[PDB]
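A.B. asks: Provide a 3D model corresponding to the input given below.
(2 chains)
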Protein chains: 2
Amino acid sequence: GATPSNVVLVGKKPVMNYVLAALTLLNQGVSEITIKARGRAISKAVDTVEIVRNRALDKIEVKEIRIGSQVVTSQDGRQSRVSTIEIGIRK
Amino acid sequence: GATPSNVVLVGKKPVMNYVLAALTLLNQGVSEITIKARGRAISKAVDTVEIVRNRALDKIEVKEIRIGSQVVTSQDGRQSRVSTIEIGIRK
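C.D. replies: Numbering: from 1, shown residues only, chains lettered A, B, ... in the order given. Okay, here it is:
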């Protein structure tokens, strides 16, 4: 539990912010990193990985990809679906 | 080579257009389908898969996911990167 959290949550910010977060983790010695996103940010999660694959040149490999759905519960109890992606990369 | 082409290329159209294309393939007896997209359409490819997994109910499973990059060559020879996703699903 003491090693730096290896998750990069990709949201609304410019893609290069998440690229910087992944590169910072690589420089801490964290060799396995998980990029997670939901909804429209799924494309930005893939961009983050692909940009990092170039900026780390070191080989970075995609280890695992999972897609799925999560439930969004509204203030009045209605429930709707959002897509998710999780991408594991490894140095 | 005579069976219906099992690829759904997801682009700029409303997501339900690609949902319908995948369901049409399922109705044709095609049990393995590949959803492909690039750039900002990557999010819509994932949504396509997740929406179909509900509308098929038949259990549709994600078989393989691959992400990568392709090169876009401009009219004057410059080259730039675009992200890709490919998602194989199976009934």
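A.B. asks: Go ahead and flag the most central residue of chain A.
C.D. replies: residue A:35 (1.6 Å; CA atoms, centre = their mean).
A.B. asks: isn't that residue right up against residue A:22?
C.D. replies: Yes - here residue A:35 lies in contact with residue A:22, judged by CB atoms under 8 Å, at a distance of 7.0 Å. Every C-beta, even on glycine, is put in place using the N, C-alpha and C of the backbone.
A.B. asks: which neighbours do the two share?
C.D. replies: Both residue A:35 and residue A:22 are in contact with A:8, A:48, A:49, A:89, where contact means CB atoms under 8 Å, 6 or more residues apart in numbering or on different chains.
A.B. asks: Which ones among those map onto strands?
C.D. replies: Secondary structure defined by DSSP state E assigns A:8, A:89 of these to strands.
A.B. asks: how many neighbours does the closest residue to residue A:64 other than its chain neighbours have?
C.D. replies: Distances taken as CB to CB, 6 or more residues apart in numbering or on different chains place residue A:88 nearest to residue A:64, at 4.2 Å, with adjacent residues excluded. Number of residues near residue A:88 (other CB atoms under 10 Å in any protein chain shown) recorded here: 17.
A.B. asks: Many thanks, I have nothing further to ask.
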